[PDB]
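Both blocks below hold the same protein chain, though in two forms, and each is given as structure tokens: structure 1 and structure 2.
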Structure 1
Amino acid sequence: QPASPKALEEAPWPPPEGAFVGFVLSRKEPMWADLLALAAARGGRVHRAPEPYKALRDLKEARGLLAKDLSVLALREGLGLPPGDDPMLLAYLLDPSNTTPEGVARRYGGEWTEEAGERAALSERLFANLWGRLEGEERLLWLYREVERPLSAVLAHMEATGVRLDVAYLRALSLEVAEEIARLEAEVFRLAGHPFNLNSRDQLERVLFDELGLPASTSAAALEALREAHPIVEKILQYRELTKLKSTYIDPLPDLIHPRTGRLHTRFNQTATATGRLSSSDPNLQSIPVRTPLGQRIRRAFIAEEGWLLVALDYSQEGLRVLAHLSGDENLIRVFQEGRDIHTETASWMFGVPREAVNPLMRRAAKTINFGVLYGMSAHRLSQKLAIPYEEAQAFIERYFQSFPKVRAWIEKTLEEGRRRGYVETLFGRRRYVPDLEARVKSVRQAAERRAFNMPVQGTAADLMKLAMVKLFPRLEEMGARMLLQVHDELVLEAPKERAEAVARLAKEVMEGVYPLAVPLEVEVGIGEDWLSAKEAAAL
């Protein structure tokens, strides 16, 4: 028989100052959860709270794994318990593949279990280990102290505060989408010659392959191939598209209004993504359509409290400004410095015509490359998007890199340094490991290259936004305003109607002045009763 493992020593609540917390929720969403257990740990000693909710009052901060989530629940219960140290944040800075407590425990030692005392002891141990791993990493430590750890309190406020929704609007939008779905379904039935359950894979296989005799398997991948093969496949794809938007971004939202707050509590996570951008859940704001009429309409459902207004701020051409800075391209920097329309000025440079001779077609081409260049868009993709011959796409790309040669040089150098070193870095020194740059299979290596030279751009953009949020938040609290949402290049605030103007102007200032680049940062801002209106004002 084996020796028994060391047990945690246990002492009475409350714990001493600086203790690490562990906690178990009834479900993962803290705004919707019951706090089932609360423990704290210090120097191989664990303190279990007899009634969790009362025990929160004894803590000066939430220090441990998922600290932000405990802070959100505290805020829901009317208690201002700020998140402090969280080993998830350390692990994520060490390697952004570290996104879950179970993964971090597996990698760096211990085990993520369902018992609050063990989670408290795990938190303590993980912090010690990961803090040790970050010794002599000055830039990562600075990012931790100045961005990541303060940002966790900002995220707790956003999630706990939530956003008001227009339920009547959402019902009206739902009906409109239902009408379109019904129209498409009816067409599909006519083309098939009989009704069937469109959502049934078996029934749909019969129709496509056995009845219509289309080439032979009913996945979204499969139907994409056949999209042009028969008019019915196009209709099925649209039906699936609309059904998904309705069931993902429209119908669930009213049920996510919390009965106690009357608001939707979007869940924000700062250790979830490859690039370091913040991610959202319930809803995933990033997946709301941007361009389509339906996508814009969903944002009209997000409204301000009575007597308040939303303020929507967004960085203009954030990625391209970062690329100008990182590449040091003199021509690209000059475009931004001189403050003229970036895409027009780009077309002028590209086509060797004066800006006054730049036509819509030229501007559209310049704009497509200005966005595609960030992601490694191929000449083939460019030719498809502009509906021009491949050869002409190639010519445009050459004109672009003739105008902006250090952009091409920067791309090449980033991949070269990435191969040599095994990682790429943001401006603030966040590293992402990119082992597939040396992968044999050409397919996978090019996909890796695109993700690699994008990380400095999008990762830097994320860093700038996160620092802006950290700098802005206490100024907003002073003014009696709120920070609600972040997605893409954009930040949404809520302000008392009479303070909305002053909030907008201050937020624009803070965001534009967050960090000095070789080019100015530019932020557009709009004010409105709903998010879509605020965005429409900002684009005006």
Structure 2
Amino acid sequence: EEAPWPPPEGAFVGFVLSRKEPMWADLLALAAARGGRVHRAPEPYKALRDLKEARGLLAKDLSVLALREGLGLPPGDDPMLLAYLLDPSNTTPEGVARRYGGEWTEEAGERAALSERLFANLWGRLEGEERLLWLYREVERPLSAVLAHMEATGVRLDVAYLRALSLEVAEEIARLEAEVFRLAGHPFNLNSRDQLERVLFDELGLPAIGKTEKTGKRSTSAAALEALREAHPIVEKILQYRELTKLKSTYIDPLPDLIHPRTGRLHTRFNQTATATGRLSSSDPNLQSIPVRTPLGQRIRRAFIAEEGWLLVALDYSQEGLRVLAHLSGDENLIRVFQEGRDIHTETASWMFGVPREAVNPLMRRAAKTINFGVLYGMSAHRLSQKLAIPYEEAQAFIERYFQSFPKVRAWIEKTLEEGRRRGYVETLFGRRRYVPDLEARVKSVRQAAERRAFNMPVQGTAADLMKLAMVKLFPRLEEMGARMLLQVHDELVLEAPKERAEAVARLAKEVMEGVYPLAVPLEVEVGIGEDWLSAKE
């Protein structure tokens, strides 16, 4: 059983943190295991120096803590990544242990032994799965090291700007509350959907257009209230109240309070085994959800700034998911869109709002994305008629004209579903896999739902795979140039570079991101440089 620190080479580590967030956490305990022997370390933080890498469950999290402490301990093998690739419903160590063998305890030494066993166990289960193993070796494992740096680096925040914005927004919220009290007759909680329901539909008697998902009540969502906006001033004021209160409580007030003592920066987590499609997620806080669409949203992006002497470089794949679809489907009308430098989000927005291309504002573009992606990924005619404010039959027709325009897209969806029906899974271009049950369910609505999940995944997942390969390829070249990778927002990368090197960093990042794979459609990257995140995308 037990031997003394330090462990031999190629040992698997286990550890306990005071809490989830590695940047904020205390390292309570550290152990390592090889050939079944558990070596416990009496001084956890100092014992980090003895390891060449962190190999084991949640390796990246430990590596992040190490970086915080000034130690470069890269993450290596992690059974969670093997498990996530085997089945992306594997998202936690508790779950993976339960499903495949052993138990996730709260003791470093047990965790270290589990890491070792689960590693060989999951490796064994992945035998013959050569494309999943390639993703492991060439994408997921090296990416974990990229994510560790990203987490430990963080992003600078303009604190004073945000404090001033809180005060400004508070004042607007008070004014809107009063104006809505006046308009309704009486005080109430504007943040209570139950009380808003009773006020809007009972007392004021306004038409109740939609239902809620699970409670079957009349909905107060922006969807259900959109048509009612211009007629009734109260509805406008409530939606404005909602936006301001959302942005204040979720972003404006909490974020400046999360500045970290050791760095003077804001730190997030990039969760590498959290989605069914192969995307990353971000949490604590979610820096993949920063507002950007509305006028107030744009002011929040202004608060994300570079270190003094540096600039932000923002690179966002243009119409990423649609380019990926063009490749997957081979639809040459869709391939043609890109070869001609057309933008279908702009084209749809122009039609929708009845304005030229140049007068398409970000709200409009986002609203057009919802139609373009909506129709493609199986939005009903009913919902599309409400969203475009057109008759049912004309919505039905709209849907059929899209697939008439893009017949190889339709054929691709059908092939994807037919295969998914026989195999029980769908997969990305690199062979990442998602199990989708219910493709042959008897209830139509449950089958059709399963279908939408299934033919979406290869597109969303292929795009994620391509971004991850870009990151793994780009990151080592950034370090050589004294540049940093701060954020990923799915099809977007945010970097930080010295003002001197920012032009060259932009050019290299663009090249790497656009040359990742021989697609039937060229990948194009929108680059911007700026002192803050808003101006870096102007």
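We call the rigid core the largest set of C-alpha positions that still match within 1.5 Å between the two forms. Start at 1 and count along the sequence of structure 1; that gives the residue numbers used here.
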task = Please look at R133, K385, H258, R107 and say which one has a C-alpha shift reaching 2 Å or more between structures 1 and 2, core superposed.
result = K385
task = Would you say whether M350 is displaced between structures 1 and 2, judging by a C-alpha shift of 2 Å or more on the superposed rigid core?
result = yes
ask   = Superposing on the rigid core, does the Cα of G422 end up 2 Å or more away between structures 1 and 2?
value = no
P289: Cα shift of 2 Å or greater between structures 1 and 2 (core-aligned) = yes
task = Give the C-alpha shift of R499 between structures 1 and 2, in Å, after superposing the two forms on their rigid core.
result = 0.1
task = Give me the C-alpha shift of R399 between structures 1 and 2, core superposed, in Å.
result = 2.9
request  = Provide the displacement, in Å, of the CA of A186 between structures 1 and 2, taking the core as the superposition reference.
outcome  = 1.2
